[PDB]
Amino acid sequence: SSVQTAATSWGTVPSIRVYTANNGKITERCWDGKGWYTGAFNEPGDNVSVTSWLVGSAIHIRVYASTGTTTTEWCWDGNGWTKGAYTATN
Ligand SMILES: Cc1c(C)c2c3c4c1OP(=O)(O)Oc1c(C)c(C)c5c(c1C4)Cc1c(c(c(C)c(C)c1OP(=O)(O)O5)OP(=O)(O)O2)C3
Ligand SMILES: Cc1c(C)c2c3c4c1OP(=O)(O)Oc1c(C)c(C)c5c(c1C4)Cc1c(c(c(C)c(C)c1OP(=O)(O)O5)OP(=O)(O)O2)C3
Ligand SMILES: OC[C@@]1(O)OC[C@@H](O)[C@@H](O)[C@@H]1O
Ligand SMILES: OC[C@@]1(O)OC[C@@H](O)[C@@H](O)[C@@H]1O
């Protein structure tokens, strides 16, 4: 079996973020034109997806981390990762 990745990018340099689920933990590797380095994201999960968008010069990232039947959204809006409001179908 394999580690599971998800990727997003923005701008023209570009910035790239790659999320890897391995052994129940999701971590983040980052590129901004000057080498790869480890990002701040650390959350539990066996499955990962990601999307991002810009508002002006501000990036917003949403990572969807799942274990079992539970998906948790994690939000980056420039000031630390916080849990998002995402909930599944009812
Ligand atoms: C993320 C993920 C984990 C954590 C898994 C498994 C899978 C998995 O999904 P993914 O990697 O996308 O899909 C697989 C792929 C691409 C291949 C080629 C697989 C398997 C899976 C399924 C089946 C599988 C799984 C195993 C183990 C130990 C083996 C040997 C194993 O047979 P293997 O001959 O490699 O075949 O258990 P493990 O605790 O790693 O659980 C089950
Ligand atoms: C405490 C602290 C935080 C929270 C920072 C930064 C710095 C910082 O001070 P310090 O570490 O003492 O001094 C630095 C040192 C010694 C080096 C070698 C630096 C940077 C800093 C500056 C620049 C820097 C900063 C970055 C990021 C993502 C990178 C890649 C990044 O380039 P990097 O190749 O590491 O170069 O943002 P980050 O959110 O970490 O903010 C900025
Ligand atoms: O520059 C690296 C960083 O601050 O970029 C925004 C997010 O990807 C963070 O998790 C990450 O640590
Ligand atoms: O500011 C965080 C938030 O409102 O951003 C938009 C969506 O990702 C929401 O689930 C999330 O709670």
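Counting from 1, the numbers follow the sequence of the chain as shown.
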How long is the straight-line distance from [atom2] of [Y] back to [atom1] of [X], given to the nearest 0.5 Å?
{"X": "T72", "Y": "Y64", "atom1": "OG1", "atom2": "OH", "result": "11.5 Å"}
{"X": "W10", "Y": "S57", "atom1": "CH2", "atom2": "OG", "result": "12.5 Å"}
{"X": "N42", "Y": "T27", "atom1": "CG", "atom2": "OG1", "result": "6.5 Å"}

- When you check the side-chain N and O atoms of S15 and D32, is any donor under 3.5 Å from an acceptor? yes
Donor-acceptor pair, [X] side chain versus [Y] backbone, under 3.5 Å?
{"X": "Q4", "Y": "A21", "result": "no"}
{"X": "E43", "Y": "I26", "result": "no"}
{"X": "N22", "Y": "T20", "result": "no"}
{"X": "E73", "Y": "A85", "result": "yes"}

What are the two closest heavy atoms between [X] and [Y], and how far apart are they?
{"X": "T71", "Y": "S66", "value": "OG1-OG, 2.7 Å"}
{"X": "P14", "Y": "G11", "value": "CB-O, 3.9 Å"}
{"X": "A6", "Y": "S49", "value": "CB-CA, 3.9 Å"}
{"X": "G33", "Y": "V13", "value": "CA-CG1, 3.8 Å"}
{"X": "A65", "Y": "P44", "value": "CB-O, 3.6 Å"}
{"X": "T8", "Y": "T51", "value": "OG1-C, 4.2 Å"}

- Kindly determine whether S52 and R17 satisfy side-chain hydrogen bond (donor to acceptor under 3.5 Å, both in side chains), including the steps that lead there. CA-CA 10 Å; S52 66; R17 301 293 183 268; over 6 Å; no
- Message: With clusters defined by side-chain heavy atoms of hydrophobic residues (ILVMFWY) lying less than 4.5 Å apart, directly or transitively, does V63 cluster with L54?
- Response: yes
- Are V48 and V18 connected in a single hydrophobic cluster, I mean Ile/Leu/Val/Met/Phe/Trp/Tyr linked by side-chain heavy atoms less than 4.5 Å apart?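 Result: no, two separate clusters.
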- Message: In terms of relative ring orientation, are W81 and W76 parallel, tilted or perpendicular, with 30° and 60° separating the classes?
- Response: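 Taking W76 first and then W81, their aromatic rings sit tilted (interplane angle of 30° to 60°).
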- Message: Using 30° and 60° as the class boundaries, would you call the ring planes of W36 and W31 parallel, tilted or perpendicular?
- Response: tilted
- Item | Verdict with reasoning, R62 to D77, per salt bridge (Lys or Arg N to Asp or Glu O under 4.0 Å) | CA-CA 9 Å; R62 298 296 181 269; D77 305 287; 2.9 Å; yes
- Query: Is any side-chain heavy atom of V50 less than 4.5 Å from a side-chain heavy atom of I61?
  - Reply: yes
- Any side-chain heavy atom of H60 within less than 4.5 Å of one from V55?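 The answer is yes; the side chains approach within 4.5 Å.
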